[PDB]
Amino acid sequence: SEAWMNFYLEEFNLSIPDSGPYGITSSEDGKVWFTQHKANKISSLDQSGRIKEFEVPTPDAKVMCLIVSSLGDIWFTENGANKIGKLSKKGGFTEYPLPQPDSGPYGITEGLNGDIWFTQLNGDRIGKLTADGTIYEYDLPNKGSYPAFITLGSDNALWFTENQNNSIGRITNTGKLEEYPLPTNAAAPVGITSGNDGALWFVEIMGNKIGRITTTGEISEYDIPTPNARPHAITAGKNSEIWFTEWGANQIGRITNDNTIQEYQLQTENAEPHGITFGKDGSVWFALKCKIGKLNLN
């Protein structure tokens, strides 16, 4: 029984045909949440297929990454408007303007004690937004680093990709920063996630590899079978498994328990998958160019 026989795809069409679905994440209540950067919405998709749209208060906000916090709030970056957004578990918005202009907030994740961490792609700095709404910032030593995705590592430090510095950054709550150069030149890391193995897993969009970096900084790589796949986002699945989107190949990738990569070919024309998440029931969800996609295994 080969893997290609053992999957099936579903799609969920959206209210308007060109809303820019980008980021996607999963909630513990079973809902999938996503950003729509052209429509300027945050939307949920529930277990019965019902969609609820929320209008981002700031126009032309270019909403990018999002997460569901441990309190059930939806936090997101307003890349175009220089703000962090919050949609409360109750359903009201709060927005937090950044202290320096044109920062380009991008990646977002929850840290400890309710702290919300984010990258500033054009700012070349990392931010922390605390319970009382104070923002603290930390400069990267190189300008044009382009810090992209960010995630909470198994060591409780914040790990992020530096797309153009070709490195993985690690920052602690004390502000102590370390950077780990990638072994592949101009690899251009984008997505990062924490694996169930306790390591950080990332994509190299130009390197055409999946990277793994331990919390002590040891890097290993996996060659993506399809050339020019342009991998974008990445998430842990069940056990040691890892799932990722191939924006350039219209494919979903998977590293299985036997440590080999399986690729799944999507049917949607111009699928161009970006964000990816793993549902509580083992569904693999992803943001396509114009709609939401779902992959299930048998």
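Numbers follow the displayed sequence, beginning with 1.
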Practice task
Pick between 255-263 and 59-67: the one whose mean CA B-factor in the entry is higher.
Solution key: 255-263
Handout entry: Given 133-141 and 88-96, the range whose Cα B-factors average higher in the PDB entry
Key = 88-96
Practice task
Would you mind checking where the Cα B-factor of residue 196 ranks among the modelled residues of its chain, as the lowest, middle or highest third?
Solution key: middle
Completion exercise
Among the modelled residues of its chain, the C-alpha B-factor of residue 21 falls in the third labelled middle
Problem - Ranked against its chain, the third holding the CA B-factor of residue 103 - result: middle
Fill in the blank from the handout: By the entry's values, the third containing the CA B factor of residue 39 is the highest
Exercise for the section: Select lowest, middle or highest to describe the third in which the CA B-factor of residue 161 falls within its chain in this entry. Expected result: lowest
